[PDB]
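First the structure, in the form of structure tokens, and then the observations on it.
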Amino acid sequence: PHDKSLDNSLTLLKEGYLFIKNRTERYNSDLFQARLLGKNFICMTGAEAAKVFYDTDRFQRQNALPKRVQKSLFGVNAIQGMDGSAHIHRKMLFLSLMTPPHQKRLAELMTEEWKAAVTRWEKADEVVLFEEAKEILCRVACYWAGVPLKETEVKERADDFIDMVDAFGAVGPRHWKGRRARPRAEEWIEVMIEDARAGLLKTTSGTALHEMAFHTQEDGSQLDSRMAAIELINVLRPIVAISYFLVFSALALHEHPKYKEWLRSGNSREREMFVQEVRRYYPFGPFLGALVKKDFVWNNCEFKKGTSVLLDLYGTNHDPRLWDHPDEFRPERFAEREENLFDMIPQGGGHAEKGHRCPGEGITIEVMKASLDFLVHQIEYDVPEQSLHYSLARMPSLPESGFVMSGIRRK
Ligand code: HEM
Ligand SMILES: CCCCCC/C=C/CCCCCCCC(=O)O
């Protein structure tokens with residue numbers, strides 16, 4: 001099929017997470033052609049389509065997206081835009097800092113932070129979850145990474161990380177906030193990398209700050225100071241971005257009350273299932289872009305070298321073919337469900353060691369479970385009159401108020 005509208009980029013901004021899905025459903029097809037982001041695109045959805053999108057013999061990520069994404073969200077010429085052995089090499093760096101051990105450690109640091117926070121929340125009237133999550137996440141991320149952070153900087157660093165995240169799919173003021181935060185963050189971290197390399201800053205083998213500063217490329221040389229900084233930021237920023245998910249989890253509890261008790265009469269088993277469903281059900285990652293690097297045919301389409309393609313993350317997560325009642329929050333659906341690498345792709349598909357799939361997925365899940373645990377067992381609270389509406393057009397999305405909690409008491 002071929003949408004020939006000449007304003008599809010504009011429509012993409014108005015429809016956001018539903019742009020691809022509205023059409024694939026309209027054309028009764030898992031693929032369609034369109035002119036987007038100033039390029040000739042093929043948009044696809046579904047697990048099968050995801051499997052092809054991740055075939056690295058047919059797709060490359062270099063030059064696949066407008067540079068505006070690199071100048072806000074990613075950092076210029078970083079891991080997201082690399083291909084081949086070089087990508088895999090650097091990808092191994094990231095992965096080595098996200099193994100189960102680091103995961104466990106980050107969950108641990110979060111559990112401690114939430115416990116301590118109870119003391120202050122009990123004394124406050126209201127608390128904005130998003131705001132509290134960003135700061136705790138930024139505190140933990142930096143400590144675990146060995147990145148010095150003075151209490152006076154916390155808010156400012158956390159705020160800068162979110163501005164980058166919030167600018168990825170925006171135009172205007174929202175996008176500019178990201179353009180201005182990235183250089184502040186980069187210089188801040190670049191100076192640390194350099195201090196570390198001169199031995200003027202204590203670093204610990206095994207920590208992100210350390211590994212990024214001393215990492216060696218396939219050619220034996222260290223990354224440039226700027227790049228090492230950009231890459232450490234691609235570790236820190238995303239951890240702080242977990243705040244969006246933490247908030248959707250609280251939203252889920254509030255909008256679907258039964259699960260609060262469901263969790264309570266439950267184990268970690270049920271927390272896992274709830275967290276899985278939060279990531280599948282709520283919008284965060286919209287779609288991924290790549291370029292056809294060698295002609296091929298799939299599902300009766302001809303992908304020609306040089307063509308841009310968008311893989312629909314959100315739509316796929318809501319595909320009835322693999323998810324019964326896909327538009328409803330039901331962590332029960334995960335009841336001993338077999339793990340699959342493409343039926344659900346909120347953080348990418350395939351294998352993280354064989355593609356660009358998110359290497360921080362385990363960390364995301366463990367931090368989400370630890371945080372969920374806190375909301376369900378460590379405190380009691382009310383959810384006052386507020387705007388909890390989240391947009392499917394706005395990218396990224398977040399319950400409007402940031403999720404205000406009041407009357408907080410230790411349980
Ligand atoms: C807050 C929730 C998160 C979401 C929704 C998310 C989503 C994604 C998506 C969709 C991709 C692209 C996959 C592809 O290109 O095929 C990605 C890449 C990545 N994420 Fe996550 N991510 C999250 C958290 C994290 C965390 C906590 C870390 C750090 C520990 C992290 C580190 C990365 C890195 C380094 C990449 C790029 C890897 C590559 O290109 O090979 N992410 N993420
Ligand atoms: C014109 C809009 C283009 C949008 C491009 C979409 C890029 C994919 C986004 C991945 C979202 C990642 C979620 C936040 C994690 C992070 O901080 O990296």
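Chain labels follow the order of the structure tokens: the first chain is A, the next B, and so on; residue numbering restarts at 1 in every chain, and ligands are counted from 1 in their shown order.
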Closest atom pairs, chain A residues within 9 Å of ligand 2, only C-alpha atoms and all ligand atoms, as a Markdown table:
```
| residue | atom | partner | partner_atom_place_in_ligand_line | distance |
| --- | --- | --- | --- | --- |
| A:9 | CA | ligand 2 | 1 (C) | 7.5 |
| A:12 | CA | ligand 2 | 1 (C) | 7.7 |
| A:13 | CA | ligand 2 | 1 (C) | 7.2 |
| A:16 | CA | ligand 2 | 2 (C) | 8.5 |
| A:36 | CA | ligand 2 | 1 (C) | 8.9 |
| A:37 | CA | ligand 2 | 1 (C) | 6.8 |
| A:65 | CA | ligand 2 | 5 (C) | 7.4 |
| A:66 | CA | ligand 2 | 3 (C) | 7.8 |
| A:68 | CA | ligand 2 | 3 (C) | 8.3 |
| A:69 | CA | ligand 2 | 5 (C) | 6.4 |
| A:73 | CA | ligand 2 | 18 (O) | 6.2 |
| A:74 | CA | ligand 2 | 18 (O) | 6.7 |
| A:161 | CA | ligand 2 | 17 (O) | 7.7 |
| A:162 | CA | ligand 2 | 17 (O) | 7.7 |
| A:164 | CA | ligand 2 | 17 (O) | 7.3 |
| A:165 | CA | ligand 2 | 17 (O) | 5.0 |
| A:166 | CA | ligand 2 | 14 (C) | 8.3 |
| A:168 | CA | ligand 2 | 4 (C) | 5.6 |
| A:169 | CA | ligand 2 | 2 (C) | 4.0 |
| A:170 | CA | ligand 2 | 2 (C) | 6.8 |
| A:171 | CA | ligand 2 | 1 (C) | 8.3 |
| A:234 | CA | ligand 2 | 18 (O) | 6.6 |
| A:235 | CA | ligand 2 | 18 (O) | 8.4 |
| A:236 | CA | ligand 2 | 17 (O) | 8.4 |
| A:237 | CA | ligand 2 | 17 (O) | 5.2 |
| A:238 | CA | ligand 2 | 17 (O) | 3.8 |
| A:239 | CA | ligand 2 | 17 (O) | 7.4 |
| A:240 | CA | ligand 2 | 17 (O) | 7.6 |
| A:241 | CA | ligand 2 | 17 (O) | 5.3 |
| A:242 | CA | ligand 2 | 15 (C) | 7.7 |
| A:244 | CA | ligand 2 | 14 (C) | 8.8 |
| A:284 | CA | ligand 2 | 13 (C) | 5.9 |
| A:285 | CA | ligand 2 | 11 (C) | 4.1 |
| A:286 | CA | ligand 2 | 8 (C) | 6.1 |
| A:287 | CA | ligand 2 | 8 (C) | 5.7 |
| A:288 | CA | ligand 2 | 8 (C) | 5.4 |
| A:289 | CA | ligand 2 | 6 (C) | 7.4 |
| A:346 | CA | ligand 2 | 11 (C) | 8.9 |
| A:347 | CA | ligand 2 | 12 (C) | 7.7 |
| A:395 | CA | ligand 2 | 4 (C) | 7.8 |
| A:396 | CA | ligand 2 | 11 (C) | 7.6 |
```
Selection near range 90-101 of chain A, 10 Å with only C-alpha atoms, sequence-local residues under 5 positions removed, as number ranges by chain: A: 78-80, 82, 85, 106-107, 145, 206-208, 211-212, 215-218, 231-232, 234-235, 352-363, 366
How about saving the chosen residues, N, CA and C atoms kept, as an mmCIF file, in the first residue's frame?
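Result written to part22.cif:
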```
data_model
loop_
_atom_site.group_PDB
_atom_site.id
_atom_site.type_symbol
_atom_site.label_atom_id
_atom_site.label_comp_id
_atom_site.auth_asym_id
_atom_site.auth_seq_id
_atom_site.Cartn_x
_atom_site.Cartn_y
_atom_site.Cartn_z
ATOM 1 N N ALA A 78 27.173 7.994 17.997
ATOM 2 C CA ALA A 78 27.382 7.053 19.081
ATOM 3 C C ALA A 78 26.877 5.677 18.673
ATOM 4 N N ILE A 79 26.880 4.764 19.635
ATOM 5 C CA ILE A 79 26.466 3.378 19.470
ATOM 6 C C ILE A 79 25.186 3.158 18.652
ATOM 7 N N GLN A 80 24.210 4.030 18.827
ATOM 8 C CA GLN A 80 22.972 3.820 18.099
ATOM 9 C C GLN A 80 23.113 3.846 16.582
ATOM 10 N N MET A 82 25.983 3.013 14.816
ATOM 11 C CA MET A 82 27.047 2.134 14.345
ATOM 12 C C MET A 82 26.548 0.810 13.819
ATOM 13 N N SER A 85 31.063 -5.121 13.019
ATOM 14 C CA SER A 85 31.933 -5.529 14.114
ATOM 15 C C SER A 85 32.199 -4.395 15.096
ATOM 16 N N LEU A 106 21.913 -2.271 41.227
ATOM 17 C CA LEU A 106 21.095 -1.087 41.011
ATOM 18 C C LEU A 106 19.752 -1.218 41.687
ATOM 19 N N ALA A 107 19.207 -2.427 41.720
ATOM 20 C CA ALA A 107 17.913 -2.636 42.361
ATOM 21 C C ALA A 107 18.097 -2.388 43.863
ATOM 22 N N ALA A 145 27.766 4.161 38.966
ATOM 23 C CA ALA A 145 28.699 4.371 37.860
ATOM 24 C C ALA A 145 30.012 4.967 38.309
ATOM 25 N N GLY A 206 35.381 -1.988 36.739
ATOM 26 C CA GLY A 206 34.060 -2.583 36.857
ATOM 27 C C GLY A 206 32.896 -1.594 36.827
ATOM 28 N N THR A 207 33.167 -0.317 37.110
ATOM 29 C CA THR A 207 32.116 0.709 37.106
ATOM 30 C C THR A 207 32.061 1.403 35.753
ATOM 31 N N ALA A 208 30.894 1.935 35.393
ATOM 32 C CA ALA A 208 30.704 2.576 34.090
ATOM 33 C C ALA A 208 31.701 3.668 33.785
ATOM 34 N N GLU A 211 35.020 1.822 32.965
ATOM 35 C CA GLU A 211 35.011 1.102 31.702
ATOM 36 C C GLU A 211 34.954 2.017 30.471
ATOM 37 N N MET A 212 34.127 3.058 30.520
ATOM 38 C CA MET A 212 34.031 3.969 29.386
ATOM 39 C C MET A 212 35.328 4.748 29.182
ATOM 40 N N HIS A 215 37.991 1.998 27.923
ATOM 41 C CA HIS A 215 37.612 1.083 26.849
ATOM 42 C C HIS A 215 38.544 1.243 25.652
ATOM 43 N N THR A 216 38.885 0.134 24.995
ATOM 44 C CA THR A 216 39.711 0.208 23.787
ATOM 45 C C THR A 216 38.951 -0.354 22.590
ATOM 46 N N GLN A 217 39.007 0.388 21.492
ATOM 47 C CA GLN A 217 38.335 0.005 20.258
ATOM 48 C C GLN A 217 39.050 -1.161 19.561
ATOM 49 N N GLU A 218 38.419 -1.718 18.526
ATOM 50 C CA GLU A 218 39.007 -2.836 17.783
ATOM 51 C C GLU A 218 40.459 -2.520 17.407
ATOM 52 N N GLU A 231 29.021 8.126 25.522
ATOM 53 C CA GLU A 231 28.673 6.741 25.806
ATOM 54 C C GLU A 231 28.299 6.482 27.272
ATOM 55 N N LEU A 232 28.943 7.183 28.209
ATOM 56 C CA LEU A 232 28.603 7.037 29.630
ATOM 57 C C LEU A 232 27.210 7.653 29.812
ATOM 58 N N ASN A 234 24.944 7.648 27.575
ATOM 59 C CA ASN A 234 23.994 6.663 27.052
ATOM 60 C C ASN A 234 23.768 5.511 28.070
ATOM 61 N N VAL A 235 24.367 5.639 29.259
ATOM 62 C CA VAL A 235 24.181 4.677 30.351
ATOM 63 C C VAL A 235 23.326 5.400 31.431
ATOM 64 N N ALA A 352 20.518 -8.721 22.180
ATOM 65 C CA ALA A 352 21.281 -7.504 22.412
ATOM 66 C C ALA A 352 22.746 -7.644 22.026
ATOM 67 N N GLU A 353 23.239 -8.877 21.943
ATOM 68 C CA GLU A 353 24.635 -9.085 21.561
ATOM 69 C C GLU A 353 24.766 -9.234 20.038
ATOM 70 N N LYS A 354 23.643 -9.381 19.341
ATOM 71 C CA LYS A 354 23.657 -9.567 17.884
ATOM 72 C C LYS A 354 22.912 -8.465 17.137
ATOM 73 N N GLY A 355 22.591 -7.381 17.844
ATOM 74 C CA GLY A 355 21.855 -6.279 17.240
ATOM 75 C C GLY A 355 21.817 -5.065 18.154
ATOM 76 N N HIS A 356 20.956 -4.102 17.849
ATOM 77 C CA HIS A 356 20.863 -2.893 18.675
ATOM 78 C C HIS A 356 19.856 -2.976 19.849
ATOM 79 N N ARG A 357 19.284 -4.156 20.092
ATOM 80 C CA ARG A 357 18.358 -4.314 21.199
ATOM 81 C C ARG A 357 18.939 -3.668 22.493
ATOM 82 N N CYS A 358 18.059 -3.046 23.256
ATOM 83 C CA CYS A 358 18.441 -2.382 24.498
ATOM 84 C C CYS A 358 19.206 -3.291 25.446
ATOM 85 N N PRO A 359 20.435 -2.913 25.799
ATOM 86 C CA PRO A 359 21.207 -3.748 26.719
ATOM 87 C C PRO A 359 20.798 -3.493 28.178
ATOM 88 N N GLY A 360 20.021 -2.437 28.401
ATOM 89 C CA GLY A 360 19.607 -2.100 29.758
ATOM 90 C C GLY A 360 18.246 -2.655 30.152
ATOM 91 N N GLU A 361 17.736 -3.607 29.376
ATOM 92 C CA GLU A 361 16.431 -4.155 29.676
ATOM 93 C C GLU A 361 16.344 -4.849 31.055
ATOM 94 N N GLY A 362 17.348 -5.641 31.429
ATOM 95 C CA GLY A 362 17.307 -6.305 32.728
ATOM 96 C C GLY A 362 17.323 -5.270 33.859
ATOM 97 N N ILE A 363 18.170 -4.244 33.710
ATOM 98 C CA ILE A 363 18.239 -3.172 34.688
ATOM 99 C C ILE A 363 16.874 -2.497 34.827
ATOM 100 N N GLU A 366 14.480 -4.814 36.804
ATOM 101 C CA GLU A 366 14.827 -4.977 38.201
ATOM 102 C C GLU A 366 14.556 -3.710 38.982
#
```
Distance of CA of residue 19 in chain A from CA of residue 172 in chain A, expressed in Å to one decimal place: 20.3 Å
Distance in Å - CA of residue 250 in chain A versus CA of residue 17 in chain A: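 We find that CA of residue 250 in chain A and CA of residue 17 in chain A lie 21.1 Å from each other.
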Point-to-point distance in Å for CA of residue 254 in chain A and CA of residue 328 in chain A: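 So the answer is 14.5 Å.
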Within 12 Å of residue 267 in chain A using only C-alpha atoms, minus same-chain residues under 4 positions, as a list in words: residues 261, 262, 263, 271, 272, 273, 274, 369, 373, 376 and 377 of chain A
Neighbour list for residue 45 in chain A as number ranges by chain, cut-off 10 Å, only C-alpha atoms, skip fewer than 3 positions in-chain: A: 20-21, 24, 29-32, 48-50, 53, 287, 310-317, 319
Alpha helix (DSSP H) residues, from DSSP on the backbone, in range 43-221 of chain A, as a VMD selection string: chain A and resid 47 to 53 67 to 69 84 to 96 100 to 121 129 to 145 154 to 167 173 to 198 208 to 214
Include C-alpha atoms and write out the residues we just selected as a short mmCIF file (atom, residue, chain, number, x, y, z; two decimals), in the first residue's frame.
```cif
data_model
loop_
_atom_site.label_atom_id
_atom_site.label_comp_id
_atom_site.auth_asym_id
_atom_site.auth_seq_id
_atom_site.Cartn_x
_atom_site.Cartn_y
_atom_site.Cartn_z
CA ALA A 47 6.68 -9.77 15.19
CA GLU A 48 7.49 -11.26 11.79
CA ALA A 49 8.28 -7.80 10.49
CA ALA A 50 10.44 -7.23 13.57
CA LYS A 51 12.46 -10.38 12.82
CA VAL A 52 13.28 -8.98 9.36
CA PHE A 53 14.00 -5.50 10.69
CA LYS A 67 20.54 14.19 12.94
CA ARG A 68 18.13 15.97 15.29
CA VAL A 69 17.78 12.68 17.16
CA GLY A 84 29.09 -4.24 11.97
CA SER A 85 31.93 -5.53 14.11
CA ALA A 86 32.51 -2.01 15.44
CA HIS A 87 28.94 -1.85 16.72
CA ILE A 88 29.22 -5.30 18.30
CA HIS A 89 32.53 -4.40 19.90
CA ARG A 90 31.21 -1.26 21.59
CA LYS A 91 27.92 -3.04 22.31
CA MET A 92 29.88 -5.59 24.37
CA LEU A 93 31.17 -2.68 26.51
CA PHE A 94 27.63 -1.64 27.40
CA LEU A 95 26.52 -5.20 28.00
CA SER A 96 29.38 -5.88 30.44
CA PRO A 100 22.72 -9.60 36.39
CA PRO A 101 25.23 -8.45 39.04
CA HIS A 102 24.97 -4.74 38.11
CA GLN A 103 21.25 -5.21 37.74
CA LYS A 104 21.03 -6.59 41.29
CA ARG A 105 23.23 -3.84 42.59
CA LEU A 106 21.09 -1.09 41.01
CA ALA A 107 17.91 -2.64 42.36
CA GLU A 108 19.57 -2.77 45.77
CA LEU A 109 20.57 0.91 45.69
CA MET A 110 17.00 1.79 44.72
CA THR A 111 15.41 -0.22 47.50
CA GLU A 112 17.56 1.64 49.98
CA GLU A 113 16.65 5.03 48.50
CA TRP A 114 12.92 4.34 48.60
CA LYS A 115 13.18 3.18 52.25
CA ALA A 116 15.00 6.33 53.30
CA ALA A 117 12.57 8.52 51.34
CA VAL A 118 9.66 7.22 53.41
CA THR A 119 10.81 9.41 56.28
CA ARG A 120 10.51 12.62 54.26
CA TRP A 121 7.35 11.74 52.33
CA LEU A 129 6.46 10.67 41.74
CA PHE A 130 8.07 11.66 38.44
CA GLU A 131 10.08 14.38 40.14
CA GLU A 132 11.14 12.11 43.02
CA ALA A 133 11.99 9.22 40.66
CA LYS A 134 14.24 11.35 38.42
CA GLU A 135 16.30 12.53 41.36
CA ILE A 136 16.66 9.15 43.05
CA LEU A 137 17.47 7.51 39.71
CA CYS A 138 20.10 10.14 38.91
CA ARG A 139 21.59 9.74 42.41
CA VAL A 140 21.78 5.94 42.11
CA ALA A 141 22.93 5.89 38.49
CA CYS A 142 25.86 8.18 39.23
CA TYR A 143 26.93 6.41 42.42
CA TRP A 144 26.77 2.95 40.85
CA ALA A 145 28.70 4.37 37.86
CA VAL A 154 21.14 16.42 41.61
CA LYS A 155 18.05 18.28 40.37
CA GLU A 156 19.95 20.07 37.61
CA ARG A 157 21.60 16.87 36.29
CA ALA A 158 18.38 14.86 36.55
CA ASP A 159 16.47 17.66 34.81
CA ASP A 160 19.03 17.80 31.98
CA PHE A 161 18.80 14.04 31.43
CA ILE A 162 15.00 14.16 31.15
CA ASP A 163 15.12 17.22 28.83
CA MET A 164 17.10 15.05 26.39
CA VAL A 165 14.61 12.22 26.63
CA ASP A 166 11.64 14.56 26.29
CA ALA A 167 13.08 16.19 23.18
CA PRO A 173 10.62 24.65 22.84
CA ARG A 174 10.48 20.99 23.96
CA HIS A 175 13.06 19.94 21.38
CA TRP A 176 15.34 22.93 22.12
CA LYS A 177 15.45 22.01 25.82
CA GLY A 178 17.13 18.80 24.76
CA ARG A 179 19.50 20.61 22.42
CA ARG A 180 20.69 22.76 25.31
CA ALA A 181 20.94 20.04 27.95
CA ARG A 182 23.13 17.72 25.88
CA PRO A 183 26.07 20.04 25.65
CA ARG A 184 25.96 20.75 29.41
CA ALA A 185 25.88 17.05 30.21
CA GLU A 186 28.62 16.18 27.69
CA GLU A 187 31.09 18.80 29.01
CA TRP A 188 30.34 17.80 32.59
CA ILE A 189 31.12 14.14 31.92
CA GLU A 190 33.94 14.82 29.47
CA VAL A 191 35.90 16.59 32.22
CA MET A 192 35.45 13.52 34.44
CA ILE A 193 36.71 11.16 31.73
CA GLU A 194 39.80 13.32 31.33
CA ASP A 195 40.39 13.57 35.08
CA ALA A 196 40.02 9.79 35.32
CA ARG A 197 42.58 9.25 32.57
CA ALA A 198 45.10 11.50 34.33
CA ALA A 208 30.70 2.58 34.09
CA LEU A 209 32.83 5.66 34.54
CA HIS A 210 35.88 3.42 34.59
CA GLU A 211 35.01 1.10 31.70
CA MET A 212 34.03 3.97 29.39
CA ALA A 213 37.17 5.94 30.20
CA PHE A 214 39.49 3.02 29.54
#
```
